[PDB]
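In structure tokens, one chain follows: the form deposited in one PDB entry.
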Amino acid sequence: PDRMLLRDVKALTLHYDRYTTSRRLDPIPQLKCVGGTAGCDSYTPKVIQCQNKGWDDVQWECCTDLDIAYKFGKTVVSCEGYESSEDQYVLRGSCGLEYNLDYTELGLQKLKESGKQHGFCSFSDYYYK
């Protein structure tokens, strides 16, 4: 069962540490951040679940638990067409998700008050060892 009809797939569970399957292309991470106002160097989700919400090009809704400082920007699901990129069947395990991570309104206000530092000194105790 290597080919599967896209419309018969209930749901996708995509991991930041697993790779997609591929025949014509190159395997890529199932889950990858590619931009947004928060960028990708810091916080990133590890697992995201997409549910099939209808056909037309299936409509995916991809959800995860995010720290309230972050929100999803644009997100694209893509899978590998089985016999060609114009195929209606897709290769099993080929689906992946790219996402943009934005700062929420609260994230922005928290950004404004973050990163501040102060010089802190302490009079240490000493013991000979």
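What we label the rigid core is the largest C-alpha set whose atoms superpose within 1.5 Å from one form to the other. Only residues modelled in both forms are compared. When you see a residue number, it is the position in the sequence shown, counting from 1.
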How many residues that are in the deposited sequence but not in the model lie between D56 and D57: none, 1 to 3, 4 to 9, or 10 or more? 1 to 3
Mean C-alpha B factor from the entry: is it higher for 74-82 or for 38-46? 38-46
Return whichever of 96-104 and 57-65 has the greater mean Cα B factor according to the PDB record. 57-65
Which third, lowest, middle or highest, does the CA B-factor of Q30 fall in along this chain? lowest
Relative to the other modelled residues in the chain, which third contains the C-alpha temperature factor of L12: lowest, middle or highest? lowest
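The form deposited in another entry is left out here; the points below concern that form.
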To test your reading of the superposition: with the rigid core aligned, which of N100, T44, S78, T104 moves its Cα by 2 angstroms or more between the shown form and the other one? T104
Under a superposition restricted to the rigid core, does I28 display a Cα displacement of 2 angstroms or more between the shown form and the other one? no
Would you say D87 moves between the shown form and the other one, meaning its CA shifts by 2 Å or more once the core is fitted? no
Honestly, after the rigid core fit, is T13 moving at least 2 Å at Cα between the shown form and the other one? no
Sticking with residues common to both forms, list the runs of three or more in a row where every CA moves 2 angstroms or more between the shown form and the other one, core superposed. 67-69, 104-129
